Structures are given as C-alpha cells and as structure tokens.
Amino acid sequence: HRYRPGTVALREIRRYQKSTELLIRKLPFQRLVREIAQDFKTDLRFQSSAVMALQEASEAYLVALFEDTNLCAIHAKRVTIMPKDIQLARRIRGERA
Amino acid sequence: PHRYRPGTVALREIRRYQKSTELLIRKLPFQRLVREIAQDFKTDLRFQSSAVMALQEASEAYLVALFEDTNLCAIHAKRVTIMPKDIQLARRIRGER
Amino acid sequence: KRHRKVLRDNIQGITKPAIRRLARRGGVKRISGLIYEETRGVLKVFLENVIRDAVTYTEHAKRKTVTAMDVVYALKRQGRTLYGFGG
Amino acid sequence: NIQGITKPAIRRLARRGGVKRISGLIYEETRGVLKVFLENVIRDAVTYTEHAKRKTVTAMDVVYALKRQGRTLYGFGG
Amino acid sequence: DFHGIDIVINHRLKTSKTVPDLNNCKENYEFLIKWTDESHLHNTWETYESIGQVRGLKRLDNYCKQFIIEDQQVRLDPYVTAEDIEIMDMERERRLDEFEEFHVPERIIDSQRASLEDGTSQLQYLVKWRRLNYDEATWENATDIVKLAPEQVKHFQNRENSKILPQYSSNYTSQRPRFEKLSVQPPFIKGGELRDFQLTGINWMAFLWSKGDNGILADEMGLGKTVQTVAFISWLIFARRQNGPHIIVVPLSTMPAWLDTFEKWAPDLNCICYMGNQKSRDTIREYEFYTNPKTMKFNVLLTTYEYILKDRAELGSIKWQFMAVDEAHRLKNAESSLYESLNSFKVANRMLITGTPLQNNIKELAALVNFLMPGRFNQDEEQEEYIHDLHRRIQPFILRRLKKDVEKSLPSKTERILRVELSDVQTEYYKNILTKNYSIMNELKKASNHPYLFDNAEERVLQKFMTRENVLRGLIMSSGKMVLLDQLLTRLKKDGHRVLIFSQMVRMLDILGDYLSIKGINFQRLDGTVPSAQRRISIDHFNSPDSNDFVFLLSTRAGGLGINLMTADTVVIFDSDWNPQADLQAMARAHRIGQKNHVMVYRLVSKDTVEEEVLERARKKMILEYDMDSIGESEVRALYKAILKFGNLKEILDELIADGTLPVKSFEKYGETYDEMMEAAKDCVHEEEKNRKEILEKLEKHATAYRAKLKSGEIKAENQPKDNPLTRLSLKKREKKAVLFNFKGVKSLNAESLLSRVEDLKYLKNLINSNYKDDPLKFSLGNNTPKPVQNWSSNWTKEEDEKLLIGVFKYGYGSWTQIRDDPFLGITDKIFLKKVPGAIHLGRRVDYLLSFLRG
Amino acid sequence: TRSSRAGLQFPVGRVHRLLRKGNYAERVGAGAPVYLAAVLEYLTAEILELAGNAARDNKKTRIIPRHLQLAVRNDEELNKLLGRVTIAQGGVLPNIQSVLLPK
Amino acid sequence: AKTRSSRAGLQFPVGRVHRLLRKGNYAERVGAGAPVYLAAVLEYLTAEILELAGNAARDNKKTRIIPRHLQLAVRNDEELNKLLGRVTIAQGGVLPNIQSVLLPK
Amino acid sequence: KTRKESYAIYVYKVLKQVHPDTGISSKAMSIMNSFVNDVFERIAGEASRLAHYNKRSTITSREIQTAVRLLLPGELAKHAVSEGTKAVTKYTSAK
Amino acid sequence: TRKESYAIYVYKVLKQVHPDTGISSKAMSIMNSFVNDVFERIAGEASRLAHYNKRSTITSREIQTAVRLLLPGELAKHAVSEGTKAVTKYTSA
DNA sequence: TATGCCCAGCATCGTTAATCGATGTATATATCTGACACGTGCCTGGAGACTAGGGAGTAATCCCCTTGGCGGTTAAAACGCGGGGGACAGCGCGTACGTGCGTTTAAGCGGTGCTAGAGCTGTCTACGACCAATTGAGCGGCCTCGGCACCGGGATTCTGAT
DNA sequence: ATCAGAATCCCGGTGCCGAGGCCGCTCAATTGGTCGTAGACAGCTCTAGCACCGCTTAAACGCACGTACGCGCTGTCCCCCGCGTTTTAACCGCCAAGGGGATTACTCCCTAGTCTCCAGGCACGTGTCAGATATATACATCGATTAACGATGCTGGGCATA
Ligand SMILES: Nc1ncnc2c1ncn2[C@@H]1O[C@H](COP(=O)(O)OP(=O)(O)O)[C@@H](O)[C@H]1O
Ligand code: BEF
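Protein chains in written order, with PDB author numbering: chain E, 39 to 135; chain A, 38 to 134; chain B, 16 to 102; chain F, 25 to 102; chain W, 175 to 190, 199 to 475, 481 to 564, 574 to 635, 651 to 676, 681 to 841, 1006 to 1212, 1245 to 1266; chain C, 16 to 118; chain G, 14 to 118; chain D, 28 to 122; chain H, 29 to 121.
Here it is as structure tokens:
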C-alpha cells in the first residue's frame, strides 16, 4: 500500500531520538576537515578522538540551530524550512558575523 | 489641522530617537520599583546614584536589542505588528529562557 | 477625598508610551496591546538576577550598601560587559 | 571534498532536530554554515597546536577551543 | 486665532424631573460660555444648536455633567443634610467670585494703534486683568476702557509722563555727593505716617550707601522692613537721582503683597513684576525693550527664586545697581546655585533684609560677609576671642534693634509647653517596628506623634463595623495631641479666638482636613501645592473681620514663607520642625503688631520620645545671641524747540530738563540764553520795523515818481509795464518773508513766533488756570463760534474746539503725537498725517482759535 | 588524613595542592577544600542519583551516558546550570510538537 | 634613557602593567618582553579606536569625543563589532537601521 | 609510564551510598571527571576574581560559599551551604 | 586616596593622530575601563593558556597567540608586527 | 439797496533746505571663559646593581600512536514516478490600535535636618608556608565472568484504505 | 465499523569483552615544629544618602473617532515522499611502517628576591592667547519732520453804477 507522507518522518524521529551514535560518516568528514585544515596549514596531524570531538561537537550545533530553524518554521505557520529561517536564527542568536 | 498619514509620524519619532543619546525610561519610577523589589528581596539596603544609571542603561540595552530581535520576528512572520509569540521565540533563540 | 493615597504595585511606573519609545528606538512601526504587560515580566526576569547578584556581592563585602563596582561585576559575569562606571 | 556530506546525512540531522518535511536548497547552505562554524574551531586547533611547539593536533586543544567560544564539551578530557 | 470655547462662566435655564439628561440641558438650559482668544467681557449665553460645531466641546459636557450630579446632590437625594446645601451652594458664589475678577482691569501694558478693515486706525490697549497671569492679555479699544476704569488710563499716562529712564540717572560712581543725615520724613509716603526707628533705618541705609558699602538689615519681623525698602528706593531715586533699574527678588507668595503695598505707598512708580512660564515671558520680553537692534520702560520688578535659575540669560544681560531680598535665609550654604547665581549679576550695591540665625554655623555669617564683600573673613575656648573680635568687627555693618523699644504699643508675649504622653498605639508602633514585623530611621521620628502614616493602621484600631462616629472616635483617641488639641480647641471656642496649627508633615495636614471637616469646623489649608491664585483667595478670605474660619492650617517653609495674619493670635505647634528660631519666625506670621488681644502659644512637646532631644539641640544653638556753562548747537536748537513747544521755561524748567531733551547744565545758563534770545528777538523785530517802514517810504517815493510819469501820458496803454514800483510795492505788502536772525550759528530763527507764542501760551495758561485749575475737562467757551471748517472729512463742533485746547494746555503746541493718542478727547479718527487733518494744517487752526479768543 | 576527619569521600590534600599549584591566590584557607569537597559530593550525589533513577527507567544496571543526558535535560535547575554543555555520546529529549500530529 | 617606556619607543607605561602582572596573580614568573608587547598591542588598539572616534567626531562636525562617537565608531566596523559582541557602551545608542519593507509603499 | 590523575575510586563511594547495585561506563566516567574539573575551574576562578576585587590575599570558606551561591540556581545552593558548613563544622569540631 | 587611572598616557597617543580634538570625562572612563578589560582578557587568556601547556611563565609568544586569538585577523597581523617591532626595539637598545 | 469792482486773508498744492534720529559699517579697547604650559609642593614605585637555583633549552633514546594500502561485501546513496497534503495568491471583515483632547498627577530642579557608614592607621595573634619522614592510598598491569550486544521467532500495535 | 500489513516489542538463545578485583609499589599527603605575617577591632575623619519641602509643568489616561490587517475562508499551484529501481564506497580486519611525542639526562640563563634612591606623577596657583561680546567714536545713507517759498480761491470788507 501507500503510507501517509510525513508519519514515516515521525517514526524516524522516534527511532533517531533513541539512538546514541553519530550520523555523518568519519571518512568523508575526515577528508573534508583534513583538506580544509591542510589548505589552512600544511603538514598537520590530528588525533583519532578529535574526529569524534569535531563530529559530535558539530552535530550538536547542527541539531540545536536546526531545531531553532524548525521553531522558526512553526512560528510562520508552515512546516517546510526556508533559508531565511536559518538566517533568522543566526541573526537573533548573534553568532552571525 | 489636517490628518497626517498614520505610521509616518512613528518613523519621524524613530528619526528623532535615533539621534538621542540620553535615556527614555523615567528615573523616579525606576528607583521606586527597583528599590521595592530589592527591599522585598533583602531588607536594609542602600543604592548609589551611579547604580541607578547602570541598571537603567543596562536594562534598556536588552530592552532595545530584545525589541529589535522581536521586530525581526514580526518582519519574518509576514506581519508589521508584534505578537507575544515573537517574544517567546526571541527568548527561545536567545537561549536565556 | 484627601484621605489616603494607595499606589498598589510599583510595576505600573513603566507606562505604555515608555515601552512605545523603547520599541521606537528598536525600530518598530506599530506595536500591539498586550505587549508591555509581558515586557514588564521580561524586565522582571532579567532584573531579579542582576539585583540578586548585586545583593550577594554587597553582603559578601562585609557591608550593607550597594555600590557601583558590584553591578559591573554582576553584569560582566552574565556576559553583559558595561563600561563608564569603573572597571 | 564538500560533496562528502550527502543528502541523507542532513536528512537524519533534520529528523533528529524534529522536522516533518524539509525543502530542497537547504543542505547547500547548511554546508556553508558548518564551514563557517568549522573554520574558526579548526583555526583555533592549529593555533593551540602550533603554539605548543609541536605539529600534532591532540584532543585537549579541541576542548580548550570549544570551551573558549562558550560551548563546553566533556568526555574527551577536561 | 480660532473662535472656540475656552471655559464656562455661568449657567441658567432657557425655557421658562428626577434627573435632567443632556437633551434637557440642550432644549431647557442656556450656559454662559467664555470664548478663547477673547476677553471675559464677551461672554454669551449659548448652547449647542445655536453655535453648531465649534472648537472644543468636552469641557461644557463635563461641566454639564457636574451640574447634573450637583442637581442630584441639591434636592434629588434623600441622604443630603444641611451643610451640604451650604457647601454646594457655596461653590456657586465661589466660582462667581473667581469669575467676576476677570472683568475689571488692573494694568495697561502697552498701547499700539492698530488698523481695522475699513482703513481706520484705532488705539488698542494691552489690558492686564485682576487675579490672572500675564497671559490672555487681549487688546481692547480705547472707546470703552476709559468708560469703565479711568484710573488705569490716567495712571498709564502718568507712567509715560513721569520719565524715570536710566539715561537721566546720576553717575556718582566716581565721587559720592555730600550726605546729610535727615530727621524728618520725605513727602512721598502717601499711605501712612512713620515712627522714628523707620526713619532711623532709612538714615542708616542711606548713611552706609554714601560710603560705597553694603549692610544687612537684621531687625525684628514686623517693624516695617518692606516699607523701609520701598521708601529707601523711592528716596534714592527721587533724591540722589538714581532712576536706574533696581532688581528686588521677592518670593511668589509675597509678590502680590509687595505689589499692593508698593502701589499703596508709592503709586508714582510702576511695579511690573515677572511671573508666568512661557507666553508671559514673551510679554515681559516684548514689554522690556522695543523691536529694534534699547528702550528701558521699567526699573523695579519682582523675580522669584526659581525664575532666576530658570532664566539666567535674560536677567544676566541687563545691568543692575541695587539688589534687595526678603527672607534671605536661602543663602545658608555657599555651594548652592542661587548663591553663585546672584554673584553673576554685575551690580553695585546690595542689601540683605532677613533675620536668619547666624550663630549655629559660621558658614552662614561668613557667607553673608563674602557674599557682599569678597575678601573679608570652632573651639569653645577660643570662641570668646573669635566673637570678641568678629562681634565688634561686624557691628558697624549690622543693625540689631531689638523689640524692647517698641513694646510700648504691643501686647504681652507668653508661651506654655505641654509634655504630651504616648498611648498604646504609639507604644506598639514605637517598639514593634524595630523587631520583626513591618506591615528606616525618619519614619519613626515622623510616627512618634501620630500613628496614621502607613496603610495597615485604620482597620487595626476598628475592632467592629459604614460608621462615622466610631472612626472619628478611634481617630482622636489614637494620640494625646488630638484629645488635648480638641479640649483646648473647645476651650478657645468657649470664648472666641483664632487658632493656628503649624505642622511639618504634609499628610498630617490632610488628616486634620479629614478630622476637622466632620466636626463642622470651617477652615482652609495652606501648603506648597495650591497655586497663588488659590492661596491669595484663601488669605484674602481669612483677613475679613466677619470670616467664619477660626482655624487656619499652615506648614513650616510654606507657613513661614511670607505675608502675615493680623486676626490670628493663637499658635499651636505639634512639634519642633528640627530648626532653631524656625518657631519664632513661624509664630511671626500671626504674632505681629496689628494683633491686640495678646498671643497664646502652646507647644505639644512629645514626652519620652525623640523630639525632646532635637528641642534640646535647638536650645543649644539658641543661647548664643551675639562744562555747565557751555551751550552747543544742538542745545540752542533743542532749546528753541522747547520754546516753540512750552514757551516760557523759567517756571517748569525742572520738568523740561528731566524729559531727556535739555542736557544736565546750570539753570542760570538757560535763563541767560533765554533772556538773550528774547531780547535779541525783540530788538530784531524793532529793527525790522524801523527798516521796513523806511523801505515802504522809499517805495512810496518811487511809486509817486512812477505815477507822475504814468498820469502824464508817456506810458503806452497797450502793454502794462510789470516792472514798476507799483508791482514791487504790491508784492511788498504781501511779502513772503519773516523776521529772521542767526544766533550762534543756528540759522532760520523767527522772532515773531516766539513773542506771539509766549502771548498765546500765556493767555492759555491764564485763561484755563483763571477759571478751571483742578478740573480742565469742564472748560467752555460760551457763544464764541469761529469760522466753519474748510472741507473736512470729519464732524467738528464747539466741543472739539473746547477739548482741542486741552492738549495744547497739557502737552503744548506741535505735540500732535500725544493728542491723537489721548482718549479723553474723542478725536481718535480725526487726526492723521490724501488726508485732510494734517500737522501744520491743524496747528494753524489752533493758532486761529487762540487769535480768535484773544480778540 | 583530612578526608577521613572531615567525614567526606572526595580528597582534601590533592585538591588542596590543586589550589596551590593551580596558581589562583597567594594564600589558601583552612576549610576551603572541605567545603568544596562537600559541594562536589552533593553535586555527585544528585547527578549520580538522577542517573541511577534514569538507569532504572529503562531496566539497566550499568549507567550509560544517555542516562546522564536524560537525567540532566529532564530537570529544570540542572538544565539552567548546564545550559551551554554538550554531554558526550548523548541525545535529545523525545519532544514532539502537538501541531505536527495527524489531525 | 631611564624608564623602559622611553627605551622601547612606546607611550603606555611598561612598569605599570609589569607591576599589575606581579600583583594580578596570573603567573608564577613573568618574561622580559611581555609588557612591551602588550603595551604595543594596546597602543594599536587605542590608536585605531581613537582614529575611528576622530572620524566619528568629524563626520558630525564635533570637537570633543562623546561616547556616542565611540558607539557609532565601533558598531560600524565588522571586526570591531565581532570583537565587542557582548559589549554595551554606556551613554551611547544604536545604528539608524530601518528595514526596506517598513517604508510606505 | 605516565601516572595520570583522575577521580575514579572517589565517585564509586558516593555512587554506592545511594545506589549499591548500579554501575557506570568509562565514557560517562570521563564525562563526570571533566565535569568535576570544570566545576572546580569555575569555582576556583570565581573565588580568584572575587578575592581580587576586594583586595584580598586569601580564599577562605566564604569565598567558595558565595561562589557556590552564585554558581548554583536555587535550592542546590542552600543545600550546598548547609552540607558544606556542616562538613567544615565537623572538621573544626574534631582534630 | 590616590587612585590609578590611565590619564596622561592617552593624551600622548591622541595628540599623535589628532592634535586638535577634545575628549569628555565619560568617554575617558570608557577608554580606561576598556583598556583594563582588554588587559583582563589578554592576561586571563595567557594565564589559562600558560596553565594548559604546564608552563610556569608567560613570555612574548603567549601574548602573541593570545592576541592572534582574541582578534580575527587584521588587528592580529598589525598587532603582531607592531608588537615584535617594539620588542625588537627594546631588546636592541 | 442790489450788483459788479478794489484790497486783505488763511488753506489748498507743490518744492527746498536744515535737523533729530534710525540703520549700516569700521576701529582700536575693556571684559569673559577656557584654558594648556610651568613651577609650586609632596608620594612613591621603578629603577641603579648581584645573584642561586629551578624552570627551561637541547641531545640521545623508546615506541607506540598515527599514516598509507588491500580484497569483499554490506547497508548506504542517487534517480525516478504518480501524487496528496502543504504553500501561496486573494477577498470579507470587525475589533483592536493609532490619532486628538482635557484634566489631574507625579517627575524634575534645587535645598536640608542628620547619620550609619567607607577608608585607614594603632596593634598584634592566630593564620599560613617550608622543611624532615613515613606510610598508607592511588594507580600501573593482568585475570573472571556476567550485563549487555545481537539475531531468530512469536506477539503486538497502530494503520491505510474498504 | 473493519481487515490485512509493515514496523515494533518481547522471549529465547548465543556470545562478548571490559570493569571489579587482586598484586604491588611510588610517592605525595600527614604530623610536628619554626618562621613570616593579614587583617579583625574601635574609633578618627569625614560623607553622600534617609526621608521630605517649595514649586513648578509636561505627561498618563479616560474619552471619542477612524481604520485597517491578520484570521478565516476560498481557490489554485506545487514539491518532496513512499516505494521501486539502479549504483557505490566506507569498513571489520589485516598489513606494512615510520617518525615525532614522551622520557631521561646535561646544561643554561634569567629573574624574584633583596639592598637602595629619584624623578614621574598628582593637585593646584599663575599666566597670556584663542575666540566671543560688547563699547566709545567716527563716517556714510537715508526716514521723517518742520521751517520757508511760488500761486492762488473763494471769502470778507468796503467802493462806482442800475
Ligand atoms: N510705617 C508703617 N505704618 C503703619 N503700619 C505699618 C508700617 N509699616 C508696616 N506696617 C504694617 O505692617 C504690615 C506689613 O508687614 P511687613 O512689614 O510688610 O512684613 P515683612 O516682615 O514681610 O516686612 C502692614 O499690615 C502694615 O499695617
Ligand atoms: F517678618 Be516678616 F513678615 F517677613
């Protein structure tokens, strides 16, 4: 059959809210951070735990700021997020330079 | 006289208040209120002439910035009139709720 | 009458045109109605903490007179750096 | 290697955030948000690393850089 | 500029129930409405359907609503009593007394002739009304002001005639004249007579004024310190020729008193004070100088203490020379705004009239020393030497005249204290406050005599159930001062005395306002809240001999602020106001000279409290009780015009020099130049006749010589020769020249106009003074009717001929600038500059009238 | 030892050396490490207590960091104290807005 | 010379900040070029701040420096606003920022 | 080998005093270690700046007391003052 | 009581860029408390950083990296240039 | 006696010239305030000068913590298609908000009685840091086994569409 | 109201690896004593605040009027979604490997401590120079007024003719 679009996202929320692991892989993120840090400064070596530190530390901001974006969407009587919601959250929080 | 355009006079008051370098909230109600709250919190207290200025300007700091972020919440909400949900969303994104 | 003068609560000192001028400086064209009543609560929450810290710093310094440096220390502790009155 | 962050990654981050339906051109700017919020932390990591007279990024410098900006992190030393 | 509704005056019915609504007020009642931008004399009885939509309508709606409630409180209420009728009806006559004072003028500020819509120009006066601020000063034409209050018009002309401008004032700054200590009184006191110590004080102020020094008048409150100031200023202006502006700062409460006393004792001097806030400041500025990029039309004014600090640029930009101040206790500290503000005004001499205790603090006496003499200058052991040198050092610069020399006409003085004990309410409010419950320091001192000062205090005493007798019963028994005050008040009511209550707390005055009103005691409060328009009505109502207000409440600073009470004799003080001699000066507002039935004072001392220590500290600070013969061209021409305007100037020369035309010279020189001008004029006329007759004889000889050749036949009759002695003789008869002579460079001076001017003006002075000396407005001519007018655009009868000579009798010939502005003649629209009434065209008519009366 | 005499569990001499070696003040007090050890013992008892209850909410013996996250984020004063704190290997509270329910 | 401020070629006192490091209780031992370096950095900071304050005083035709010139001088710069993020200057104001959608159209 | 310092056998005592039948993983063990070190850093720095503002050369018990009162939200501060002053009182009353 | 305040040390720097402008007292307190606050930030950052790497002293490199951290770029670059120029000027003399 | 004719007589209009006064413009002088530089006087921290020793710079060593590749496979990632609830353009509209108005009220500019309190200089005593000695707990390193991780199978639990 | 269907939870089974605990041993906390000293205590010397007092004078609010904007509703456009189909590379684990972080030893250097003055700095009186404000004196230009002069116009007071 055809399930209702949207509720599968809700049960995915129920499944992800109980997980205690990361979501983004470690090799693409390791090549991205290693490439940006390599272009910023040549000859650098990082720690294996630092990948997890920047990993979950980046996920914390990408979850809190994304939740504030979701609340900005709900405030506008809509469910689909927009870039002006993220820019609004960054402008109100004050971190937007 | 005649009937001027409603809302333009408000912008004129904005042009007049943007150049002001003094305070807007009166001093005697602020002393009577802050001294009453502090008296109920702790008996036998004495303030300073400069502490009233520090709490006045320091209060109007977040009283103006908070109304600026609230104004941003009213602009993003496709409105022109502020709402209490703009205050709640402002305190939510600010993080001091 | 000229008998008694009851002021009720002192929260009514801040009237409507005061916060109207505050929002005028903030950059608001037209406001609503039930906004200043909650605004007084916002100032209450963002005020009882600063007053509480001021009373704490005052009592800790073996004195019962609030000065100006304790207010600057309490504001700078909460991330509200203020100059002009010492520091 | 900006293409490493695929769509299902930002999708799972959106489900963890609590969104029922997202848009389209959102992860493209989200990679920019993570890039701006990442180049300063990595810059601080290279700063604390280079200042230590050694060319090795450890784990305590990341905790110092995160706690310096106002985001305390536990677990990986402190 | 709009014609809208200002205030409401009176109300009545229009067409000759339970509650009349607004419709009954429209179709059943007419209201007297006062219009804005217009005087109170244009009040019209209008409603709503007679004026339509006009500016301002809510005021009449609220007034009509209060009238509806009033009607519900007169006879449409079963709960009304008897005193409520006298109160509600008393408010009617109260508002009538507050509205009838706006119809009578009080002063004429300016007088500028404005044009109308028909081309004419009428002279309108800037009228100032009674019991009103300088604002709302409307322009009224001179056609009805002289028919209502001629005293203001005559006095307004007297202010312009009595030229007391500062340019005529003497300049003795380089050398002071010879001073003589007088003993009699100058003929300037029109109010009443003076004793001996008043003239002694005047001789002291003028005795020290001649030495270039300043003193402090520290006499007793009541010895006429205000009259001595006005008499000293008047004698200094009219004696030493010091007509310059003199600033006298007087509090706002005492300003009308100093105005009434100033006009009652010295009516010849104006008293334009300084009041208001915004528009009145524009009135004082437009009256101060003329609209040009320096016309001093004032000299003596009254400025309040707050008006100095508010306006320092307006008062600071004007030069002054004398400064007087009443109750100069405000300069107690040398670090105040008024102390440095008064020192900014560039003055010459000062005078301090007060009786402040200069013994509790050295900074007060020293402040009064360096305040007027910049440059001049502790332990109890060295105090005898410090006062041993400073005492006799300051004695020649102070007046210490005690009241022991004036007790021969004053009643006895007495005072009795009363140690009032506390009660249970004062015990619980005196002990339970400094323990745990609250329900800082000064609140106990204020609550040491009356408990009713907070919120949870009235319901605590009332242990039962709205009642009225139980509340007052629980109110009087709460403190001993209320029971003893009511007992002593009843004792004084059994005989008949005027009792006063001086209190410091402003709330206790309202408590007495709620206690004395229930007992049926008619009174009126006096504190620092009501304006001058109300407290002046209250004080003017208390001074009546048939006033039913035997109780009059005051305050500390407002009670002892100023003025005085003559009918009051009993002074009851609740407690000392934390200041020595403040009680002596507070009783000084009632205990005065005019009081005859003695003075009884009761001090309600609080026993076993905290006020007795302050009283002892006040007693500790009380035991210490230690070219002239040179005439230039402008003077010859100006003197010649003075002869053309006044004629003989050997009798009123003092009035013809102080006007500002003749410079300060010797009168003998004016007499010699006058005798030489008149003598040379008569001699020049005599020589003009002796030579003119000879010229006429020569023209008769040549004319006869021409006729001898004319009657012969040697002249052709076809053309008449115009160049013959006959034509020049005929033109000599109608010659167009006058007796001219050059006197000391000045050319074009006629001698016939001087002699004929002295004859005409002399015949006018003898003609008017020989029939009507004290009433020039009743002079007639009889049946002497001159020739009619020659095509004039205005009606002219014999009354215009009789009133026309009055202007020449008062101002003189050629002074048409004052005749056209004289409302006592009626020729307002009959004198102009196209037009028929000219300057010389009417002057020659006056000369024809004088020549007609002489013949 | 001073830890046994003070009646606490956290050390006193080692944290006292941390007050000396940490380079904070010129002098040190006498009852400062005992008071600080008592406060840290109270916070430890509260955090480990709510962590134990959160561990019993899911029928688990050994406490996991997720029990710390659910134990701190569920309280009000603990959430106000640890505002900008991110617990390692944690998560979020099951908070779903009522406006997203299928109705 | 005598004082280290004249030998280093700066204007801020070298001995003052050094004594503050000896009394502020921040390190057991101090260096040799730390107060001169910090004095130079602070000299650059007050140099740029007083420069933008001078421009913020000349743009409005004013002589003396008012706190509003400091507020408008710091808030207009990007790096100064990023450095002084959680900073509230007393006796100042805000920037005249009016949204484009708020204009009557 | 480096002998590192950690609060390992000092937390299990308080853990058994309230839960004598539970355990804790090493990850959250490091989280609690860095948590105690972080609270120690905040209280130490707060007592340092508070001891420097009043020109004081020592940090007694009242500095840590007001540092706990200002660092805690409400009732936890009162319980920390009562328990802390009780521990200092027991330490002073004994040897 | 002789209080400490940066008064004459601000005029010497102001006259080098604007020898014809004034300064108010409130703004002077803003500059004084500003320099004091920046001193607390740099001294504190260098103190905690000196405590992280087990360093028992604070030289010029700690203030250098503290300046490079508290400032995003330009001010850090010019502050490092002028700072090293001042340290070199003092060491060479 | 009435009616035209001779001889004055002031006011009608206009034009010239002298005079008092207002306006505009220098021109050297006497105040006003606001200083910034100097010398008056005094406080005191930084500097002139030496140094022992403990933290810091550098060389040789350990190794182990971090780098760079290698087959397979597994969940993970990208495209696509009909589509259905979500987002957006647009009108009705009515009650709250902006705009004037009059009156009472309280905020503001100076004063004014003290008075509990801030700073500190007399005074020293318990408070605080350093040095021997020892000794018992913290932690380095390795063994056990049970709470928990993970998969297969049976309930089970909403759930979309009829 | 209802029924087969994907997920989801519970029971049963296997099985897995790291904290608890044991052995030990290292070394910093514990007493005990000595030497250096910080600030608590009362009161001297002030000191701004505790309350209000005189006295304004602009604002807050109830009142009345207009009006207009987001909620509600209508209608239309749309954009990822459930699910099926077609790629796709990270990683469990294994393997080689390599060089810089950490350790220990040798050396070194520079600095807090100490002994011992001196002009920088703080407060304030004194002083002539920027600007700003009149101020006595003089010169040039009218505004308006008044005295003087050219020419009468009827009007009044008398002189030769109907
Ligand atoms: N020369 C005088 N002759 C008669 N009465 C006088 C004289 N001077 C003053 N008074 C009386 O004094 C009263 C005015 O008091 P006044 O002296 O003005 O009070 P203050 O103490 O303010 O000067 C008047 O009522 C008047 O009767
Ligand atoms: F003594 Be007076 F009435 F001023």
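Note that CB positions come from ideal geometry on N, CA and C, so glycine has one too.
What residues of chain B sit near residue i, judged by a beta carbon separation below 8 Å?
i        : result
D:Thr-87 : Within 8 Å Cβ-Cβ: nothing; D:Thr-87 doesn't reach chain B, min ~11 Å.
Please report the straight-line C-alpha distance between residue i and residue j, rounded to a whole angstrom.
i          : j          : result
W:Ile-429  : G:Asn-89   : 54 Å
H:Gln-44   : H:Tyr-37   : 12 Å
W:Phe-281  : W:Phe-213  : 14 Å
W:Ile-1022 : W:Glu-1055 : 13 Å
C:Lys-75   : D:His-46   : 13 Å
W:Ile-291  : W:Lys-310  : 7 Å
A:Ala-102  : B:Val-43   : 12 Å
What does residue i reach in chain G if we use C-beta pairs closer than 8 Å?
i        : result
B:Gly-99 : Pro-80, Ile-102, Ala-103 and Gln-104
Rounded to whole angstroms, how far is the Cβ of residue i from the Cβ of residue j, which I believe are closer than 8 Å?
i         : j         : result
W:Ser-770 : W:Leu-741 : 7 Å
W:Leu-776 : W:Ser-416 : In fact, because the Cβ distance is near 26 Å, the residues do not count as touching under 8 Å.
G:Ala-66  : G:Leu-83  : 6 Å
Helix, strand or coil: which one does DSSP assign to residue i?
i         : result
G:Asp-90  : coil
W:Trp-793 : coil
W:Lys-310 : strand
W:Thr-705 : helix
W:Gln-304 : strand
W:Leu-539 : strand
Quick one: list the residues of chain C neighbouring residue i, beta-carbon separation under 8 Å, in chain order.
i         : result
E:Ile-51  : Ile-111
E:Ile-112 : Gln-112 and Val-114
List the residues of chain B whose Cβ lies closer than 9 Å to the Cβ of residue i, in chain order.
i        : result
H:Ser-52 : Residues of chain B passing the Cβ test: none, with the nearest at roughly 11 Å.
Which full runs of the alpha helix (DSSP H) of 4+ residues lie inside the segment 1086-1127 of chain W, going along the chain? 1104-1112
Uninterrupted beta strand (DSSP E) stretches inside the segment 409-446 of chain W (no shorter than 3 residues): 428-431
For a minimum of 3 consecutive residues, which ranges assigned as the beta strand (DSSP E) are wholly contained in the segment 1012-1041 of chain W? none
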